[PDB]
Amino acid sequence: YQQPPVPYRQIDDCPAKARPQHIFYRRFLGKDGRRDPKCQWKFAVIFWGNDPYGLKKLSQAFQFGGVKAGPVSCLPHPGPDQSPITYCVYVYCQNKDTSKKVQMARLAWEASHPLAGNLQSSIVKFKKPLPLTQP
């Protein structure tokens, strides 16, 4: 089955290809990327595109205390036929502003590296808290 990406004890645990991306997000998020055990996770941001690789790097690029990305999934076919697959990644955040910043984070990364694909993203709000909290 599908397994979520591993947590990082040290920054060297991050896959080499996504290492420049994980660092940038870190510095950018800063204390916002830190976990705030007050906050319940009702929010996320869904990145989707045609390229599964750039989304894979993004999945392993955001891994933090307050910002966590799920593995690489896909959206079901729009019509009766099989459309070209649109892969998607859910990055779960702790609030409305954090998710906005995670959206800005990837947008900033895309401005730094035009060779990286320019993705699509939408803010997500869950009505119920997701069990991303550590006991």
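A residue's number is simply how far along the shown sequence it sits, counting from 1.
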Looking at the entry, does 125 to 133 or 2 to 10 show the higher mean C-alpha B-factor?
2 to 10
Do the C-alpha atoms of 72 to 80 or of 55 to 63 have the higher average B factor in the entry?
72 to 80
Please pick out which of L29, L107, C39, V45 has the largest Cα B-factor as recorded in the entry.
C39
Considering every modelled residue of the chain and its Cα B-factor in the PDB entry, is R35 in the lowest, middle or highest third?
highest
Tell me, lowest, middle or highest third: where does the Cα B factor of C93 rank within its chain?
middle
